[PDB]
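One chain is shown next in structure tokens, namely the form deposited in one PDB entry.
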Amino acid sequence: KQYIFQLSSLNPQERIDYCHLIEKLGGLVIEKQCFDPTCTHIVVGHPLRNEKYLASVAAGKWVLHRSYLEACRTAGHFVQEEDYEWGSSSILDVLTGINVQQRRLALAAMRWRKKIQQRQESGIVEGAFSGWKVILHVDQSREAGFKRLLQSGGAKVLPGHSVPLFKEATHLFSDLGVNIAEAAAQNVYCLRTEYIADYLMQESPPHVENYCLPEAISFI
């Protein structure tokens, strides 16, 4: 049990003060902007749909309201996290006015934290994409970001998209070359990239039929 924080959407003075506090209590703060899988807790000023937030959800981190740290300060130790989760009733029944997007991001973070924890309590490693073996066929501009998000949820991303890799893959995601029909014939889930984020965000998992790539539909 570890206390490794990253901070998001807070101002510099808040970050300085919170870093000081976290360190005094025996925690660590990872200062780099990019999501770091070694963190355990992220304190978020206001939930935004971005790579860092999505990766935190894929990894099942505590995604916390800053009132968590104020409670730690008072207590003089790291307190129980559940009542400070952005998606907890304790926060959401008090911030009844936040917009629908932030509510959605909050709930998704709490839901995956709980689900991943429940699975980890049963010896399943990693996060939302645990056991996925993924072939990625996307635009060079989007490639690194998709890889990082998948890896943050515990997916292995395979090198390239050659036919021999189909026998190793569970999933193939493509931007709307690569032989999709053959991958589908070899029972790979051949899906639009929107599936990845929708798997993280949706209360009930996206259904493969709706995300299936055109050449793979008959193989469902």
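Just so we're on the same page, rigid core means the largest C-alpha set that superposes within 1.5 Å between forms. Counting begins at 1, following the sequence as shown.
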Quiz item: Looking at the deposited sequence, how many residues between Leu176 and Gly177 were given no coordinates in the entry: none, 1 to 3, 4 to 9, or 10 or more?
Solution: 4 to 9
Quiz item: Do the C-alpha atoms of 17-25 or of 193-201 have the higher average B factor in the entry?
Solution: 17-25
Practice problem: Between 116-124 and 68-76, point out the one with the higher average CA B-factor as the PDB entry records it. | Solution: 116-124
Quiz item: In the PDB entry, which of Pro159, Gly45, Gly154, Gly60 has its C-alpha at the highest B-factor?
Solution: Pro159
Exercise. Go through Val134, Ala144, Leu107, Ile91 one by one and give the residue whose Cα B-factor in the PDB entry is largest.
Key: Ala144
Quiz item: Once the chain's modelled residues are ordered by C-alpha B factor and cut into thirds, is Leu54 in the lowest, middle or highest one?
Solution: lowest
Self-check item: Third of the chain, ranked by Cα B-factor, where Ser8 sits
Solution: middle
Exercise. Give the position of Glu82 by CA B-factor within its chain, expressed as the lowest, middle or highest third.
Key: middle
Practice problem: Quick one: classify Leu172 as lowest, middle or highest third of the chain based on its Cα B-factor. | Solution: lowest
Quiz item: Taking the C-alpha B-factors as the PDB entry records them, is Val163 in the lowest, middle or highest third of its chain?
Solution: highest
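The same protein also exists as the form deposited in another entry; that form is not shown, yet it is the one meant from here on.
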Practice problem: Inspect the rigid-core superposition and answer whether the C-alpha of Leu28 shifts by 2 angstroms or more between this form and the one not shown. | Solution: no
Quiz item: Is the C-alpha displacement of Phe166 equal to or greater than 2 Å between this form and the one not shown once the rigid core has been superposed?
Solution: yes
